[PDB]
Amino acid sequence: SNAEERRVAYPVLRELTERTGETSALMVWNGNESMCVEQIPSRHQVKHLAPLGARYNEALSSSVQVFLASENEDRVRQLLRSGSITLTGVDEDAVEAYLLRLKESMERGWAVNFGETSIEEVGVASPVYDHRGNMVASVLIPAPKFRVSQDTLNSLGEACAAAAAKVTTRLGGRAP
């Protein structure tokens, strides 16, 4: 599964982890979950973040935000109100804020989870595209909150977006 993506991403994730000192992961979307299919561990991990096969269905999960940006709005609505993707106190305006948060991530180039699914974990993620412009994967940098400030976070995000752009380029892909 996801063979070319995995192959092209591996050297880029290895490079990303040597530059950030943090875990790098390639995520794929199955429609209601983000799944880790390839990862390089932090040179100093405490808790093992984004281990292979890990599945994420919290709305505020960076990886999950990136993929939901590729869905139709109404599909995002259905996933939240069904409980397939979990979010604290969903209502019209929480959903609307979340949808705007999705668009902002596309324009920033990365989504952000700043201790928002778990008080001791942070994350940034960026989309990977194929040659037809389909979003096919995303790159995730998870890290422990204690060592990552908002500033470090912004720097990880840029790194994440740069790495995702390298994978896209190497797939013959082009962004939106």
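Numbers follow the displayed sequence, beginning with 1.
- Note on 88-96 vs 102-110: mean CA B-factor is higher in 88-96.
- Checked against the record, the higher mean CA B factor of 6-14 and 149-157 lies with 149-157.
- In the deposited coordinates, the residue among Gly53, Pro127, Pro142, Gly115 with the greatest CA B-factor is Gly115.
- Looking only at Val46, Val64, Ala137, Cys36, the residue with the top Cα B factor in the deposited structure is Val46.
- Residue-level temperature factors show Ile119 in the highest third of its chain, judged at the C-alpha atom.
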